C-alpha cells in the first residue's frame, strides 16, 4: 500500500536521498511544502523504512481537533478529568508508542500544546489529562507544515524552542509547477493506480501533456490526481487531448 515518490527532477531525487539518510535514524523530521506535494507520502515512507517500521503510524491533524479536547486527544485522560469524561481512552501519543507520530500541519498546533510537545521531545514523558502520574513515551516525531514557521516565530505564534527541536532534518517538497518534468511520470503512476483499482482508464496525448505542464497546479499532485479521476469518468478508456481538458487546464 506503501507509495513511492515518483519523478526525475533534481528536487525529487534530492528528497529521496534525504529520506534514505534520515529514515533509519530516530531524528525528528520536518517536512515542508504546499498542500498536496507528497508530505504524508514522504512521512509514511520514512516510517516503513525506519527502526519503527512495524510499529504504529499515528496521524494528528493539528488544525481539526476541537481545542476544548485537544489536550485530551493528544495525551489521553483519566476520569473526572472534565465534563463527561466517564470512560477511558489513551491519547495519540500513547497510541503511537513504539511507532511514529505524524503531526500534519504543525503550524496549526496551538501554543499551549506546542509547550507540551516540547516536553515529549525533551523529557520523553507526559501525563494523561487529570492524572499527574507520569508516563514514558517512545515515539518518533515527523511533522509537516505548509506554513512559514520562521514568520510565525517572529509573530510569536510558534515557539522558537520547539522549532529548533523539531527542525533537525528538514525536507522541502517542491510544488508541482517547479517540477513539471515529473508530470508525465506522475500521470502514468496515477493512471496505473486507477487501473489496478478497477476505477477506469485513460491516457493523455502529447499536446494535452504539454498543456498540463504549463498549469500552475495550486493543489499540486492532489489536484493532478483529481483531474485524472474526473477525466476517467468523462471519457472512459479514452484519449485526452487539449479539447478534453477543462478550459482552466488549457495553455496553448
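Residue numbers count along the first chain shown, from 1.
Comparing 36-44 with 23-31, the higher mean C-alpha B-factor in the PDB entry belongs to 23-31. Stretches compared: 188-196, 214-222. Higher mean C-alpha B-factor in the entry: 188-196.
Each of 100, 136, 167, 148 has a CA temperature factor in the record; the biggest one is found at 136. The residue among 117, 85, 111, 143 whose C-alpha carries the highest B-factor in the deposited model is 85.
The entry lists a Cα temperature factor for residue 91 that places it in the lowest third of the chain's modelled residues.
Residue-level temperature factors show residue 71 in the middle third of its chain, judged at the C-alpha atom. Compared with the other modelled residues of the chain, the Cα B-factor recorded for residue 156 ranks in the middle third. Per the PDB record, residue ranking by Cα B-factor puts residue 176 in the middle third of the chain. Remark: residue 81 belongs to the highest third of its chain, ranked by C-alpha B-factor as recorded.
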